[PDB]
Amino acid sequence: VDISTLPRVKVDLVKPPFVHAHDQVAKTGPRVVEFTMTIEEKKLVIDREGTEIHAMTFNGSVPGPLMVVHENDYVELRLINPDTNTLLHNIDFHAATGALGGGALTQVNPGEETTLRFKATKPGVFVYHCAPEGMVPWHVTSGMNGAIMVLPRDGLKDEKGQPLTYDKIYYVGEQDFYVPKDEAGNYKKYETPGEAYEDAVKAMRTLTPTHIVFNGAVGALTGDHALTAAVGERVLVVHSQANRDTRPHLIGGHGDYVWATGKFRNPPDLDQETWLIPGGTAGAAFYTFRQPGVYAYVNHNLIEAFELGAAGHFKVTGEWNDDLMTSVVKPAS
Amino acid sequence: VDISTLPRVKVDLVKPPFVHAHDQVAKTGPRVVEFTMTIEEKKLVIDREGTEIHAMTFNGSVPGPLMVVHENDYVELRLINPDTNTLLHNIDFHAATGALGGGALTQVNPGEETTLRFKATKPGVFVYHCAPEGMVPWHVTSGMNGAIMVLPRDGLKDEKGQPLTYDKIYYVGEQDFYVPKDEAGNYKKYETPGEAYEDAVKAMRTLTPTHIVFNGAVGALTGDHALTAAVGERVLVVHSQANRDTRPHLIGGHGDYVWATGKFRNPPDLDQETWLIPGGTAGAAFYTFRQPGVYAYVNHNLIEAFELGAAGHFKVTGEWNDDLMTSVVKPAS
Amino acid sequence: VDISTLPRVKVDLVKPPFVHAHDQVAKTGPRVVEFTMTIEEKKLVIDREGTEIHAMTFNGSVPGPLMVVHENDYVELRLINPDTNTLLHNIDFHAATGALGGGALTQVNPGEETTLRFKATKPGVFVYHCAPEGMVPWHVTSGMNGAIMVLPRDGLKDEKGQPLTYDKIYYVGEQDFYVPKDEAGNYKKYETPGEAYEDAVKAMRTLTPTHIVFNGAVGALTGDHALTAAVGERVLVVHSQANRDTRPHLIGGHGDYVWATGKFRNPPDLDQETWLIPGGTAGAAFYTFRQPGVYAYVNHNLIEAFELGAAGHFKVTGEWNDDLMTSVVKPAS
Ligand SMILES: O=N[O-]
Ligand SMILES: O=N[O-]
Ligand SMILES: O=N[O-]
Ligand SMILES: [Cu+2]
Ligand SMILES: [Cu+2]
Ligand SMILES: [Cu+2]
Ligand SMILES: [Cu+2]
Ligand SMILES: [Cu+2]
Ligand SMILES: [Cu+2]
């Protein structure tokens, strides 16, 4: 088919954990969906101690923004590498077929741009990430990854074929960082990317992250940036991990319907407490809130959550249900 | 509904790997099921070398006892923290909805008790664990975790909707411990919990357990404490890991029906050799023994099993089936 | 039944990643399928640096060869330990029932052989590995593992019960090695297996592989030994990991149908980007190629893939489909 005869729609992306507006059920036929992202190398402070790294980002954030299309739409990405950056970059979409997910066709030096198009033939949530030949894990574990959601044209379905419709969606990107340490255990610091590269490789080869964070920093999804919901609201949480396994858990809730490995032609797993998202995968969990208050959303390696950073919060408004849970006798002597 | 109009039944818990008596198919309507647990901080020897730690337990055991109810029963737990303990504790049930699984409502200092009630709205096996704000992984990885089984009211079902009925059930709790080491690699030792806390945090942050054990110690489920069965018996093995992934395997057998992530509204996976239970999850495997002899039940990271402790035994009585397996020619020159 | 009345067929094994000829749909009734393997202890160079280890192999390769039978065939293995080896060995089949998978019946000193028979009662791909009491992880992580495929008698089926027929099959064995290091980080070297044993145990207990490789060495499945396919071909990739989790991914493709934990009575997961194969398991992924070119097949812990060795290639011939993917604007200033 002549792709030039199809509608074109330009998407304006938003910063995670928020997600650009879209329709769950497709209101048009197939479209070419146009996205632009600008690569930004920048310093980021990632913990409460003030540890600052040289991050590599799509569109200025870790993770990169969530892109949303429907099955059999075409994704057309303009990828810009401005001359204020110093490295070569590209992009691999796990949603795409051919050319190493796009990476073989999108190598951009500083000062260059490119436009890639692919057909989104499989529904699900998928990782995307930079992947320059020979330097792949360094770019990925510097923050250069995000996700894309390819919705079925008739939206999501439960294990019986009945519709599932979310009221809110959030995208939680989980990032393992490998900040090199000296023998005494303090984080080093480097003057150029090339001077950093060998100790970055050394640090990665330990297979022991120094930090594991949501939305780019310890505490990013807390306080004034906590996730929010109301009792009775249906929430989809998309979670990705481009390099390392994770095991999400909503403390005080469940995943009512979970696609742990993210692919919507499969029936969801029901009533999960915790789910495994393998490294290199995006998953999605659907929950209807039943109680108000603070929830923690964590990687349930609790060391990874509470020591290394992989924990955020929901603040949920509404009525308390004492049938579902109550303190019969409050703590007392 | 007026919960006061429902029957109350008091359960008397038993020490793992055994499980209190219960009915698979509910013989009554919904009930308030009353449990009591008393927290005990105690020294435990966890390996053959004599390594002794300061464990934190529910009811004196690692893991804490398996609680069993049916879907839409109410769980009413009296949690006691005697004044012979020194720390603050609480409890989070992954089966429950609201207040961080109960933790926000059950904070008990030494000398205090509390009673929590929640409705068990989802069937499955679930973790429970202590979770005091700011000190969560330390309590969990000191042994303060167990599991609860919420049976469907009409018992278990296979992938076709047909009943599955177990003859025996066992609960295997798997515990990762992080005993601090000095530079030479020997385990340290500490005079108070507060003096231990920083090196416990340091040890946890390595993400490398020093010990990974079933039922609280190397070898606990061997010898006179091996699990037992007969040929032809249907056995359910509930397995939990509150903090770290595991991959159970019955050496010489299978999981005929497995809920790897523990939730009974899902069809089981059939004929598994090995299954992944993510950290923060309980799973359950159903097997019908077909051969007598010794079996090993392991985490099939065989280093974790045979070096670090994650191995137990079954001793199975009955007839040998030479059709299923035989030595045609015994080892010989 | 009198096994002596059944047909016998002798299989002649081939070196991975290739697989001996077989029929997907069984063309005969049940058979005794006869295999022979000869254990070989040998030196292997496993990386580009020239690191040489003392490997322990079935039939001279890491992994051992893929064996293929049908459900309810009998597997009859002659296992030979020649007197040129120095250690005791045996074999455990995860496909088998009883005697620790066969290990209790197959202990062979150098200069001995044995013949084991078992009934392959469950369809799926399964690990086999050596397992000498007390030394199990050392033999496994020295390379002494492979896999066996037990096909359903009517071949593979999709999630709807429709046939799935592969045109090509490959077996990728993934091996974690634990080469002991000195304090400075260089690999040691040892003069006998007994002198190596304690530092091998020490190295294993770090839970941090030094190398993670496909088909026995860094780069083994690249260059003149890349995997091959044509556009439109249906390929099954069997992947095993006897000791540690992995997460396979075809870079530029998908797993159209995946049995991540390898057992064919279960419906496959559709459209996977990445899948988790738990340590101690074999899995299988079915894909129909749609684009030509180079693909990388990796463990999608990208550190494990590109630093530690867990990466191979496909070279795929045929026509490029610009509807599915194209460069709209090639990289340019
Ligand atoms: O369930 N909370 O750690
Ligand atoms: O299957 N045993 O390690
Ligand atoms: O998807 N490639 O790393
Ligand atoms: Cu990059
Ligand atoms: Cu990738
Ligand atoms: Cu506690
Ligand atoms: Cu928890
Ligand atoms: Cu061996
Ligand atoms: Cu095994």
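Residues numbered from 1 in each chain as written, not as in the entry; some residues may be left out. Chains lettered and ligands numbered in written order. Heavy atoms only, no water.

Method of determination, as annotated in the archive: X-ray crystallography, at 1.1000 Å resolution.

### Description of the relation of the copies chain B and chain C
What counts, and what does not: Here the copies share a frame obtained from least-squares fitting of C-alpha atoms. Any pair of residues with heavy atoms lying within 4.5 Å of one another is described as a contacting pair.
Least-squares fitting of chain B to chain C yields an RMSD of 0.0 Å, with the transformation described by 0.0 Å of translation along the axis and a rotation of 120°. Taken together, these values place the two copies in the relation of a three-fold axis. Of the interface residues in chain B, just 2% have counterparts in chain C that sit at the interface too, so the contact is made through distinct surfaces.

### A look at the coordination of the copper ion (ligand 5)
Here is the rule: We call an atom a donor if it is N, O or S and sits within 2.8 Å of the metal, or 3.2 Å for Na, K and Ca. Water is not counted, so some sites may look partial. Each label reflects the angles at the metal, where four donors whose angles all fall between 85 and 135 degrees are tetrahedral, four or six donors whose opposite pairs open beyond 155 degrees and whose other angles stay between 65 and 115 are square planar or octahedral respectively, and the rest are irregular. Counting from the N terminus, the helices are DSSP H or I runs at least four residues long and the strands are E runs at least two residues long. Buried means the residue's accessible area, taken with a 1.4 Å probe over protein chains only, is under 20% of the maximum for its type, while exposed means over 50%, and partly exposed covers the values in between.
A:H94 (NE2), A:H129 (NE2) and C:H300 (NE2) make up the full set of protein donors to the copper ion (ligand 5), lying at 2.0 Å. Here the copper ion (ligand 5) binds six donor atoms, and the angle range of 29 to 159° at the metal identifies the geometry as irregular. Taken as a pair, A:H129 in strand β8 (residues 124-129) and C:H300 in the loop between β20 (293-299) and α3 (302-306) lie in two separate chains rather than in one. Judged by its relative accessible area of 1%, A:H129 is buried. Using a relative accessible area of 0% as the deciding quantity, one classes C:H300 as buried.

### Some words on the interface of chain B and chain C
What counts is decided by this rule: Once two parts are brought into contact, the accessible area they lose, counted with a 1.4 Å probe and summed over both, makes up the buried area. Definition used for salt bridges: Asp or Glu carboxyl oxygen within 4 Å of a side-chain nitrogen of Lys or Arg. We call two N or O atoms a polar contact when they sit within 3.5 Å, provided that within protein one can donate a hydrogen and the other can accept it, with sequence-adjacent residues counted only if both atoms are side-chain atoms. Under the scheme applied, nonpolar residues are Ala, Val, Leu, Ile, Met, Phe, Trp, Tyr, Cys and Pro; charged residues are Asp, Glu, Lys and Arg; polar residues are all the others, including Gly. At least two DSSP bridges between two strands are needed for those strands to be called paired.
At the junction of the two partners, chain B supplies 46 residues and chain C supplies 55 residues. Where chain B abuts chain C, roughly 4,000 Å² becomes buried across the two surfaces, and 55% of that area is made up of carbon and sulfur atoms. When residues of chain B are sorted by the area they lose upon contact with chain C, B:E273, B:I303 and B:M325 head the list and together hold 17% of the total. At the junction of chain B with chain C, the criterion picks out seven salt bridges. For B:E273, the salt bridge is made with C:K263, and the minimal N-O distance between the two is 2.8 Å. For the interface between chain B and chain C, the tally reads 26 residue pairs in polar contact. A class-by-class count of the residues in the side of chain B that touches chain C yields 22 nonpolar, 13 polar and eleven charged. Two elements, strand β22 (residues 325-332) of chain B and strand β7 (residues 112-119) of chain C, share five bridges in a ladder whose sense is antiparallel.

### A look at the relation of the copies chain C and chain A
It takes a turn of 120° to lay chain C on chain A, together with a shift of 0.0 Å along the axis; the resulting RMSD is 0.0 Å. Little of the interface of chain C is mirrored in chain A: 2% of its interface residues are interface residues there too.

### Details of the sheet that holds strand β4 (residues 67-70) of chain A
Residues and elements named next belong to chain A. Pairing in this open sheet of four strands is mixed, and the strands run β4-β9-β8-β6 from one edge to the other. Pairing within the sheet leaves two strands with one partner each, and these edge strands are β4 and β6 (92-93). Examined bridge by bridge, β4 and strand β9 (residues 145-151) share four bridges and lie parallel to one another. Paired with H70 across the strands is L151, a residue of β9.

### Quick notes on the UniProt feature "binding site: Cu cation 1" in chain A
Residue and element names in this part refer to chain A. The following threshold applies: UniProt positions are given in the numbering used here, feature names are shortened, and annotations may be inferred rather than shown by experiment.
As recorded in UniProt, the feature "binding site: Cu cation 1" lies at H89, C130, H139 and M144. The largest pairwise C-alpha distance within this set of annotated residues, which runs over 56 residues, is 9.3 Å, so the set is compact in three dimensions. When you line up the elements, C130 lands in the loop between β8 and α1 (136-140). Apart from the residues lying within four places of it in its own chain, the contact partners of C130 are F58, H89, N90, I91, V136, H139, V140 and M144. Checked against the element boundaries, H139 lands in helix α1. When its relative accessible area of 0% is taken as the criterion, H139 is described as buried. Contacts of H139, omitting those with residues within four sequence positions, involve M56, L87, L88, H89, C130, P132 and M144.

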